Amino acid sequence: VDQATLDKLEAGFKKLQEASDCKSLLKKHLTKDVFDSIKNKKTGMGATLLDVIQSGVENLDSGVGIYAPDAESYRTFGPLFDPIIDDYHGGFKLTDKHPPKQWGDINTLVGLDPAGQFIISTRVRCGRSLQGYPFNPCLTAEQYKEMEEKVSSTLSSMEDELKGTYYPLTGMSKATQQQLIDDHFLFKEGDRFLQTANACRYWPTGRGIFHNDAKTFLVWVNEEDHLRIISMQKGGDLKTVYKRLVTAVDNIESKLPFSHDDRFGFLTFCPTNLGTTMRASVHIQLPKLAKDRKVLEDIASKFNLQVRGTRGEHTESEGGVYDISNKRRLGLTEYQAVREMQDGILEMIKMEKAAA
């Protein structure tokens, strides 16, 4: 590695050490021992430890703080990724391997809130990376366009309920983009954690969103991951939402070659999205349990769930509406992932009803 990067790396390590109240997994697991063992390493694509931890160093408020510039990074800088992946996903040893794709018995999934007084909307998303293309930090403006064309073309073949239209971000009016974001359909623009990881270069080139007219099935093109396949709708009908997702993913995979790893399952940009790459969530109101957010988050964590704001991660809840989802994605099947959300949410609703 060049000495400039080495100097930047030494500076970053010091910044992490000096940040006493920093609670990121990067700071926690990047011991001097680990640091020294991989700071001089570089991947075939020229990715260094700096490309990996840069976001965490610049954004000390990061929960994780690292990203994989390319697939090789997960192993080249394994001494750092491994303990962090093990920590975040609730246990994943060096000898562990992510299980084969398994949607499970969808008929065992249920309506999460029949009376409809708590859940506002249910959503399930997956992420996929195109074989042949590296993660954001190593992509050229031309590659973004290539990927956009391949994906949009493929999605033009979607039929029936999944039939839709691709809407490029480039050329999209400001009003439409903002409405799509406010409506919780489109990804947000200008994420500080992604920017510092150099994952937003050439924006908004090659970026866009595909969605059926109903906006129940959507596909994000070139945001954090090459693709984010989404299924969502008002209410708490998890069975229908999940089934739609399964249908879409199965079909898209028969057309597009996605990167899958023997140990990490489906590959993604952030280590938190590996394996199933699944995040099943609900926008829900729990006034009693939410009153003291400490207890809300403490209760959720026991069910392996994560709490996010109404507009997504790093945001606050608006009007008492929280985003609650399964935190774990690696080391468990797609079925187990969606089940953790279903099981936890059903219980949290029971607790809310019984709360004083």
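Heads up: residue numbers just count along the shown sequence, starting at 1.
Peer 1: Which of the two stretches, 323-331 or 299-307, shows the higher mean Cα temperature factor in the record?
Peer 2: Per the PDB entry, the higher value belongs to 299-307.
Peer 1: Hey, which bit's got the bigger mean C-alpha B factor in the entry, 222-230 or 127-135?
Peer 2: Going by the record's values, the stretch with the higher mean is 127-135.
Peer 1: Sorting 273, 117, 107, 122 by Cα temperature factor from the record, which one lands on top?
Peer 2: Of 273, 117, 107, 122, 107 has the highest C-alpha B-factor.
Peer 1: Determine, from the deposited record, the chain-internal third of the Cα B-factor for residue 313: lowest, middle or highest.
Peer 2: It falls in the bottom third of the chain.
Peer 1: Quick check on the deposited entry: does the C-alpha B-factor of residue 10 sit in the lowest, middle or highest third of its chain?
Peer 2: Its C-alpha B-factor belongs to the highest third of this chain's values.
Peer 1: Tell me, lowest, middle or highest third: where does the Cα B factor of residue 263 rank within its chain?
Peer 2: Highest third, going by the recorded CA B-factors of the chain.
Peer 1: Ranking every modelled residue in this chain by its Cα temperature factor as given in the entry, which third contains residue 156?
Peer 2: For residue 156, the deposited C-alpha B-factor lands in the highest third.
Peer 1: Could you tell me which third, lowest, middle or highest, the C-alpha B-factor of residue 347 occupies within its chain?
Peer 2: Tercile = middle for this residue's CA B-factor.
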